[PDB]
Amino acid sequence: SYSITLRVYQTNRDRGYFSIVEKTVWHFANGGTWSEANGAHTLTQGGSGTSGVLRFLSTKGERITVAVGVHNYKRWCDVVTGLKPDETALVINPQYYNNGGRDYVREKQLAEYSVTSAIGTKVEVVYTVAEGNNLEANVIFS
């Protein structure tokens, strides 16, 4: 039913280079799958009400997760920084559900969100197509 395509823009050499180290899919709304093409990561979801997380690890050992999904028919996103080596996407993704602590972030149904880690790395998520079933967003490191 829904589709979120992501393209990553690493704009600052000083942050090191980030690469995806995990790709999870939440089991609500009939699950879904991750796919990639032309550098664009797509999360196809079986309906409104589930999500996916992409965890990145930079060349300087920084760990960050990007959470994207659809809540009550409106896209939502989140970015968590300064993650411990054992705080995986498998650990993070479930926290937005069944009162795991981040549920309220999801319900916000944000079309854009940005954060700067404690070590200075700014991560943004902005939806370039925030409406419809074929959503698109950019993930910007700076």
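Position 1 is the first residue in the sequence shown; the rest follow in order.
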property	result
Between 126-134 and 5-13 (mean CA B-factor, as deposited), the higher	126-134
Of 62-70 and 98-106, the stretch whose C-alpha atoms average the higher B-factor in the entry	98-106
Identity of residue with top Cα B-factor, from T33, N93, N38, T50	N38
Criterion, highest CA B-factor; candidates, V80, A111, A89, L57	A111
